[PDB]
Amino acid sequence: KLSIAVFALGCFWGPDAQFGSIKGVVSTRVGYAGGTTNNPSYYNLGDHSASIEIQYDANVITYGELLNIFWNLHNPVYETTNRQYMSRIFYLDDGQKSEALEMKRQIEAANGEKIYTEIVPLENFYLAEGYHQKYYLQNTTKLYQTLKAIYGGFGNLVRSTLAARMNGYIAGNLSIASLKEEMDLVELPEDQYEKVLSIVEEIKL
């Protein structure tokens, strides 16, 4: 049982890697939300926005902290009508709504500019195609294939915390020292640990 935040802030590969590097974020999935069509997809997006679903442990990280990260990853001071990349916070309850509105106000004061992020109720979130999930890890072949076998398949891997952290590491958002502490948490048999560690070290070089 975990808490959920859904945000939109442009192409979702970067946010997936960024949020997936954060302690308290348990899993991430990218997808589409904000539109009015059912079952959108990459080449049939309708009016939906590229979005990220963050499953987080509220005992470890707060919604307010996630909002702070959201507004540090982009600076939405422009009014656009490009639905696919629009800055949006999809709130799941009135607590999230009020926290979002308050922080938006604090930002607009501290830095002087109007923020155009739309704070709207979450309707439906639609998972994106598999090739979009954990995009950087998925395209780091040896590490990806090694981890996928350890986790028992694609679905199990992309839903895991370790894949979220590994994707962040590849993107440059997590240190190798932090990554190694995350690997320790999973309690792999020592030969799997050493196999993964060797690929990860060889990537840092």
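Numbering starts at 1 and runs along the sequence shown.
Determine, for stretches 80 to 88 and 106 to 114, which one has the higher mean CA B-factor as deposited. Between 80 to 88 and 106 to 114, it is 106 to 114.
Going by the mean C-alpha B-factor recorded in the entry, which is higher: 161 to 169 or 41 to 49? The deposited B-factors put 41 to 49 ahead on the C-alpha mean.
Highest Cα B-factor in the PDB entry belongs to which of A17, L185, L9, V25? Largest recorded C-alpha B-factor: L185.
Can you work out whether the C-alpha temperature factor of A5 puts it in the lowest, middle or highest third of the chain? For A5, the deposited C-alpha B-factor lands in the lowest third.
Assigned third (lowest, middle, highest) for the C-alpha B factor of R29: Within its chain, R29 is a lowest-third residue by C-alpha B-factor, going by the deposited values.
Ranking every modelled residue in this chain by its Cα temperature factor as given in the entry, which third contains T141? CA B-factor rank for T141: highest third.
C-alpha B factor of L174, ranked within the chain: lowest, middle or highest third? Middle third of the chain for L174's C-alpha B-factor.
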